[PDB]
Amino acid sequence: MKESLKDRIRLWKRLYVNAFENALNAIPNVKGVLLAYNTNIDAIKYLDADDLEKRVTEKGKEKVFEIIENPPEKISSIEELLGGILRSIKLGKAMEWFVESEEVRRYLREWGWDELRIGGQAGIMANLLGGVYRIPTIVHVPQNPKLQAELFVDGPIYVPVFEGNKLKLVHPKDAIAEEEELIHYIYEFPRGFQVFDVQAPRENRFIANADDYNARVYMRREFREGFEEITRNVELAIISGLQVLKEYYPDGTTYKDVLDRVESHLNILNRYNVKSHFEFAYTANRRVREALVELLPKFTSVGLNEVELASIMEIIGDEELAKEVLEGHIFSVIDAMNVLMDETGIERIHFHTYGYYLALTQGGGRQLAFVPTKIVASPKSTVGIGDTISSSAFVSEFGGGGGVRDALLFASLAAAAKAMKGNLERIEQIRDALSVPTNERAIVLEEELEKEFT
C-alpha cells in the first residue's frame, strides 16, 4: 500500500468518528418529520416445496405449467398466482404481479405468511426515524386496520386523527380504523429450490401485490383536510411513493390528479419553510417521470441511486450519459447531477451507489461533497437500505449534524449498521459500524476528483 493511502485511511477514520458524534447531537434537535405517502404490509413466506407442489396439483398442474411459458404478467386466478411463482423459480428472477381478483386475495390471506413487517417507504422510515432515531414522526397510513397498525415499533410515531373538528396526533395502534389490509405477499426461495422439474438457479422472490390503495397514491382524509395543521408540527418532510403513477386509470383519472394534490402539499410545506426531500425511485412511466422532474423545483432536496439517476438521464440527458451513470462512473454521475440541477434549480441532490456517495448543493455556488462508504461483505438484510441512506443524510444535515459531508458519513454508518445487524433498534448501535473498513477503492478514487477539480 502507498503511504498516501495509509494517511487517507487514518483521516477518514477520524472524519467518521466525528461525523457520528455530530449526528447523535444534532438529531435530537429535529422538531419533527413528515413521511408520505406509501405504507403497507409486507408478508413474507419461505416457500415449502411439498406445500407448493400440493397446491399446484390441487389446481391443475398442466394449467399452471402453461402459465410458466405464457405468463400473463398479472394475477386473475389462483392458477396464474402459482404459475407466476414457479416462473420466478425457473428463471431465478425477481417478479411482482398485481392481484386483480378478490378470490385470489382470499386464497393468499388464507395461505398466510411466516413473517410480517411494515412495508412502503414511508412506513419503513417511520420505524427508523421515529423508532430508532427518536425523531417525532408523522406518517401517512392510507389504510390502518389492526394488522397494519401493529407493525409500527414503539416510539414517537404518530398518525393524525380527527376528533370531531380537532386534529390529534396519536400512535398508529391507537387509530385503528375499519379499513383494508394492504398486503404485498413475498414468496422467497433459495438457490436450488425445486418443485417438480423446476429448480431455482439463484435465490429470489415472487411478489403478489394485493394493494389497490398505494397503487394510486390514495391519501386519507386527515392528510387531505388536516395537512396544514400537520405541517405546523414538523420541520422536515420526506416524500415517496409516486413512482407507481400511471398516465390513465380505468375510472378516467390521471397521474396529474394525484400530482396536483402533491403540489398543494408542497405549497403548504414551503409556506411553513419545511425542508422537503423527494425519493426519486424508478418511475416506469416516462411521462410521469417527466412530470416529477417538473415538480422538483418545489423540493429542497432529492435522493437517488445509479439506476434512478440513469433513468432520469433518459429524459433530460442522453443515452450515452445514462449508460455511464448506470455503472456509477463518477465523472458521468457528476455531469448527470449538474444536468438535473440545471434543469430544476433544486438546492440539493444526494446520489448514493456502491462504495461512495456524492452530494451536490447550490450555495455559494455549487459545492460537491464526496464520501467513501463502508461495505458489509454479507449483509443480514438488504431491504430498506437505499431509503435508510437517503433519509439519514437528509435528517442529520438539516438537523444540524456537521454539514453536508458529515451527514453523508452518518448515512454510510447507518447503512452499514442496518446491513450488519438486519434490524436496528437504537441509534447507539450504529456506533458498531465504525469498525467496518472504509472502501479503499473509493478512497483512492477521490484523488481523481482532486486532480479534475482544483
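When you see a residue number, it is the position in the sequence shown, counting from 1.
Look at the C-alpha B-factors of 76-84 and of 301-309. On average they run higher in 76-84. Here the stretch with the larger average CA B-factor, out of 159-167 and 141-149, is 159-167. Per the deposited coordinates, the residue with the largest Cα temperature factor out of 214, 382, 127, 121 is 382. Take 199, 283, 353, 373 and read off each C-alpha B-factor from the entry; 199 has the highest.
Ranked by C-alpha B-factor against the other modelled residues of its chain, residue 319 falls in the highest third. Per the PDB record, residue ranking by Cα B-factor puts residue 56 in the middle third of the chain.
Sort the modelled residues of the chain by CA B factor and residue 177 lands in the highest third.
Residue 46: CA B factor in the middle third of modelled residues in this chain (values from the PDB entry). Residue-level temperature factors show residue 397 in the middle third of its chain, judged at the C-alpha atom.
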